[PDB]
Structures are given as structure tokens and as C-alpha cells.
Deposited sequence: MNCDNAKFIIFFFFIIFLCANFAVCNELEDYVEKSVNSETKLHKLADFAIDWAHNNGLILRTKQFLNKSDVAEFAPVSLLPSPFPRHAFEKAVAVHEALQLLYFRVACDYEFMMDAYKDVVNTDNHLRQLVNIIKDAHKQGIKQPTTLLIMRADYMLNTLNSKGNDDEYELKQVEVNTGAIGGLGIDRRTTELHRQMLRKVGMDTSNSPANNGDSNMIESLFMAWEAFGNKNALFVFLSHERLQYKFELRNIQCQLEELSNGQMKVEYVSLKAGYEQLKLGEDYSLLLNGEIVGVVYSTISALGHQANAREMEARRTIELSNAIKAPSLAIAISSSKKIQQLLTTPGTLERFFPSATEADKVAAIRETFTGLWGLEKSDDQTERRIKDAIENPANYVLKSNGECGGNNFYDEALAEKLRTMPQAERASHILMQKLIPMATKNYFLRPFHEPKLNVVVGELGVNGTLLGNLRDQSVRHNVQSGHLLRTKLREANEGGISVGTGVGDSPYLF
């Protein structure tokens, strides 16, 4: 399919469609704070997006959506398996102080005993298409720890349905995208589970952020759902050092008030936190607040754990019963090759040799090098760094054409590639590993120049 080129047949049509889309974005809240004023909402720009929804195979979309609940159950169980988590991090700990401080928080939480059984896992699974013209769906990453912008994603779908109508195309191949509703319902469900209507709901978030309008949408809808009863607050880890305390009953206290939910948009793995920020993370973690997500759930989505999960028998540790072989198989077929660099087997040294000699087949990742950069990193890597890196099979994605809409850039025709993101939530119990609500809801396309922007799939 190259319907985008077929549907946009002049510069006059390009500007008429772009102009409409930009105004639509502002009118429907598909917006971010400007880079110039990340601390201020006085002005806002539209979220960067494709002009039309990028073609995506229907089979691959259906596969990715279908496996998500089982994928969420997997990572929930991984997070709950203390012995597995400590073993996966035993080497990485010695070379990386950020990950050491985080694992020590989890160690301290485990030895004090868990004070709050209810937790909310929030996951995005990312996939690319890999070429065989037929394509297989393969998983690139899993993200737990800080998931947001689901309102941006829905609005992007809605925009694309409008754009499809404008160029005379059927909108039934644009799938429904209501993740933001699940986010809010799940967050509200978590707030009720705390069992104290005077307990605060806290957005653990940066002061300077593009996504502030998105968080405000969650706030308004949470307040509506609680009939004005839920008090909401915003705090960063920097400010949390002074403002968050652990009460003598293990309550989380924000300026002395009980907090019932901490919804993190500050990634535990992604955000390089200083010593004051880690002490706030610790305080949160040792408290009886429902965490969305808990630290153990946040750090379960590292590249090392992604790699370990591909080793035979490892998936079966979390799904031991023959009744769950269908989940194991469905997850396994979305994996491509991943390998660790830690040990001195002959299997690993041959893998390293293969990648040095044939680097176009690989991507080298830390907790990203390509081609001769990859071969050189492998040649010159110190003994210590081996454990903080994994080898992954290189995926060759489907290429299409599309226009990008970005603040203050003329749109033009680019060759582009998509990355499919599938979102969901799981509300669970850490003590007995039961599940109250495990759903897939919401998706996106992230589209880049091949040689990026928000996008949504048009299924074929």
C-alpha cells in the first residue's frame, strides 16, 4: 500500500490537509508544552504526528494485541520472583551504581516485608515488522516504569480518522484506540483499593515536561470519577527528598498527608537519578502506598531480563503448567534472537565472533551500536561492561511513505518505518500473585525516517 502518495497529489492539497490537522490537534488537545517553555502552559504546540495513518499488516497488529495480556502476566510474575530478579542483576550491580542503588531499595523492601499487596503494572510492548513481501512481528522492547501519553495516542487515532475522511478513504481499517480510558479506570480502581478516600493520589512527575496537558486530563477525569473526593498532587523525586517521608506506620506522607497511590511517569531505569532522588524512591518503595508501578515491576523491563527470557525453560518457570503452554508459545514466537555477553562458554565467544565478522546482522545494546561501531565495541569492550550489554538480532522493517507534521517544519514525503506499541494495565496482588484486572488497551505507531513522530496503523 502506498495510498498516502496516491491521496496527497499536490502541494495545495498537502497544505489544506496539514492546516486542517494542526487546527484539529489544538481543538482536541493533541498538544504538548513548547520546548522553549517546558515549565509553563501559557503556550502549547501540537504533538508531532504523521499526516495520515501508516499502513500496517492486519495479521501483525492482531498478533501483538492478542499476546499482550499473557505478556503482562509474564512480567508481573517476573517482578514477583525475587530470586529470579536478584540473579538477573547479580553481575550488572558491580559495574553500574544506578542499578545498584535501585536493587538495594528492592532488597530493603523485601527484608522489611511487603506493606501493600496491591500494585498496578502499566506496560508498553514495542514491536517492529521483520522482512522475509511478507513480514513477521517481532518484539524490540518492553517498557514498564513510566508509561503515559495514551491520550495523545487516542487523539492521534481520531485525527487520522478525520484525515482518512478528507482523502476519501474507508475508516474501518483504523482500529479503536481507548487506552487513555483504561489508564484512568485502572488508576481510579487502584485509588479505591487503598481504602481511604482522604488519601492523596500523587503524580510522581517532572516539573519540566511536555506531557503536562496529558496528566491534567487524567486528573480531571479521576476527579470526575471520584465525585470531587480525590485530592491530587504532583511531586518530583528532587522535591520528594524533602517533601516525602515514611510515617511510623509505613504510610507515605507528602508534606505530612497520607498518599494512597504513586503513579510514576519518572522511569526507574531511564531517569538517571541523583542521591536525593534515590532516597525519595526508597521512601516511596518502603511505604504502604499502592505504587503504579512498584519499583520491582519497573526494573523487570531491562534489556538483560528481555534476553534471559529467551533462554529455554525460562518462560516455563513463570508458566509451569501444560495448561499455559499456549501463552508460552504465543509469547515465544514474537521473540527474535537475544544473547548475553557475561559468561565464557564456547557458545558466547562464537556469537561474539559472528557479530564482529558479520555486524550488519546485529544490534549491540546496553541497559545502541550498529555496523562497524558494533564490531569495534565488541573488540575493545572491557571485562566489566560485558554484563551491561546484550546482542540482539537485527530486524529489517517494512518501509512506506508518509508526511510528518511538526511545529514549524514544512511537511514533505519521507521514506519511513514503524514501531508498533501496545499498551495495557494489570492490577495485581504481590502476596498471592492474583490478578484483579489484566487488559490490553491502547496502541500507537512511532514512525521515523529510515535513512520521530506519533502515528496510528491503517490495517491491510
| query | finding |
| --- | --- |
| Deposited positions without coordinates, collected into consecutive stretches in sequence order | 1-28, 161-166, 402-407, 492-501 |
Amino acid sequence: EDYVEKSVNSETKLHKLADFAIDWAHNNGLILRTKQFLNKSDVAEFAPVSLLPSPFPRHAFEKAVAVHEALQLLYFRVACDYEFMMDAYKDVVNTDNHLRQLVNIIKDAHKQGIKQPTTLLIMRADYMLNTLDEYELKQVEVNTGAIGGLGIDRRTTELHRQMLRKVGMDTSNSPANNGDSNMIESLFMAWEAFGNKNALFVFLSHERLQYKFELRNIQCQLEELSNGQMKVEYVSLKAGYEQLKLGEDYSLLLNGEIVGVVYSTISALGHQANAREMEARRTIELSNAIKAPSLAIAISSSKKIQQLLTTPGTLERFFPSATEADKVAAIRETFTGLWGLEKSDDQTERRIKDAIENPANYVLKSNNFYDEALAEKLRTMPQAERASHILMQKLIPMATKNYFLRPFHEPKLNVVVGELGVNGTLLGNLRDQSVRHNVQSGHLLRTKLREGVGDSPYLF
From here on, numbers count along this sequence of modelled residues.
query: Stretch with the higher entry mean CA B-factor, where the candidates are 136-144 and 343-351; finding: 343-351
query: Greater mean Cα temperature factor according to the PDB record, 384-392 or 280-288; finding: 384-392
query: Member of 233, 153, 372, 126 with the greatest C-alpha B factor (per the PDB record); finding: 372
query: Residue with maximal Cα B-factor (values as given in the PDB entry) among 77, 332, 100, 160; finding: 100
query: Ranked C-alpha temperature factor of residue 263 among modelled chain residues, by third; finding: lowest
query: B-factor third for the C-alpha atom of residue 201 within its chain; finding: lowest
query: Chain thirds of CA B-factor: placement of residue 327; finding: middle
query: Third of the chain, ranked by Cα B-factor, where residue 116 sits; finding: middle
query: CA B-factor placement of residue 336, once the chain's modelled residues are sorted into thirds; finding: lowest
